[PDB]
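Residue numbers (the authors' numbering), protein chains in the order written: chain L, 1 to 27, 27A to 27F, 28 to 211; chain A, 1 to 13; chain H, 1 to 52, 52A, 53 to 82, 82A to 82C, 83 to 100, 100A to 100D, 101 to 213.
As structure tokens, this is what we get:
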């Protein structure tokens, strides 16, 4: 196995800044006969296959933006993004096709640092359609905030909840470099009908004190 | 030297 | 345009077999080798093998050689990967790919969209799809948020589009969460102009291939 080792595992720079990714192969992928290095670089975003950026170590594929360039030879290779754009947040992988089995590096996650942005907070009562089935899910949405750290707390009838909610955060947005978060409070229909006030309380760096979004059933 | 059967799609000049 | 289109996500029991298809179009099928590559959670991409689409010769990774069969059908320009004696640890996204075509006449690299295969003893369950209606509680500064809650399915994944793909700006389809039951749930939301809620129609298109679920839910104020 030609082991491909990437450094660093993750990097964060501001919009427009240079980004450098290193890849080391355990065996030289250089062939003196044709002066080529048998190495490629791929970009992968969540839910998509990898996309080829550079091959033969340093030949950028036509149609790939020219801010992407590859360099190096033998066992040491470098991917450079000269001016990181919002759409370039992704995991980048090196790849060797010198020997079998073909192998890939462990990846370098490239991220944008940007200014603070407070979440926009929305709340969705359970749908009448769901209520017919005996369950009641309340959704709290935190939209387009930065940085990623955020705290959601649920209150039912002004009392803090525990153990009955699940949340997930998006990948970094390819346009504005923010994150979004969805949290669901899952209740029985009977419990939902017994209470009046449903509230999502959000703590975030962009907020001087927590924001509560609520509705009365 | 490269293994030319690692990936048959690789066929440089 | 050169493309590879894979079969939909599947779920199989431990010890069963799975067969993923890879339909090729837009190039001379018999000229190139199709590779299979899998991507397991937080694991590096793993090359599994290749087939020459012309003569059908193969090469398999040592890790899979006793369990994998890659075949092709030139008449239908389709390649297939079959993995037998499935482990729950074979749960992964499986890709077919024309990896680095680098010849005197061509330089391209094409991947299928991936096929998620889950190996589990648990029962497939199709999701319920509920609207997240726009309301006074989901509007801020001239925009309104609306969405679909896709609740209680197994296994992953569920795909969500809006207006058959014509609505992509402002969409966030969130990673799924695991319920205590062991079923998954995800939310898909979109921010739209508040001014036009009375004239525009917003429909979330929800697919869960393992359960043959295809739901189009209209989300109204």
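Backbone N, C-alpha and C fix where the C-beta goes; we use that ideal spot for every residue, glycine too.
Per DSSP, the continuous beta strand (DSSP E) segment holding residue 144/H begins and ends at 135-145. Bounds of the beta strand (DSSP E) holding residue 207/L are 205-210.
In this structure residue 207/L is buried. Its beta-carbon is surrounded by 16 or more other beta-carbon atoms within 10 angstroms. Around the CB of residue 85/H, fewer than 16 other CB atoms lie within 10 Å, so the residue is classed as exposed. Look at residue 8/A: its C-beta is under 8 angstroms from a C-beta on chain H. For residue 117/L, the nearest CB of chain H lies under 8 angstroms from its own CB, placing it at the interface with that chain. Residue 63/L sits away from residue 27C/L, with the two beta carbons spaced by 8 angstroms or more. Listed along chain L is no residue with a C-beta nearer than 8 angstroms to that of residue 11/A; the closest approach is about 11 angstroms.
The residues 25, 26 and 97, in chain order, have a CB closer than 8 angstroms to that of residue 3/L in the same chain once the five nearest residues on each side in sequence are set aside. Judged by DSSP in its simplified three-state form, residue 97/L adopts strand. Under DSSP, the beta-bridge partners assigned to residue 175/L are 136/L and 163/L. In the displayed model, residue 155/H falls within a helix according to three-state DSSP. Each residue's CA atom was taken as its position, placing residue 154/H and residue 109/L some 30 angstroms apart. Each residue's CA atom was taken as its position, placing residue 13/L and residue 88/L some 20 angstroms apart.
Linking residue 178/L to residue 96/H through their CA atoms gives a straight-line distance of about 43 angstroms. The beta-carbon of residue 213/H is placed no less than 8 angstroms from the nearest beta-carbon of chain A.
Annotated three-state conformation of residue 90/H is strand, per DSSP. By the rule that beta-carbons nearer than 8 angstroms mark a contact, residue 33/H touches chain A.
Between residue 79/H and residue 21/H, the C-beta spacing is below 8 angstroms. Under the Cβ criterion of 8 angstroms, residue 1/A is not counted among the residues facing chain H. For residue 188/L, the enclosing alpha helix (DSSP H) has its first and last residue at 183-188.
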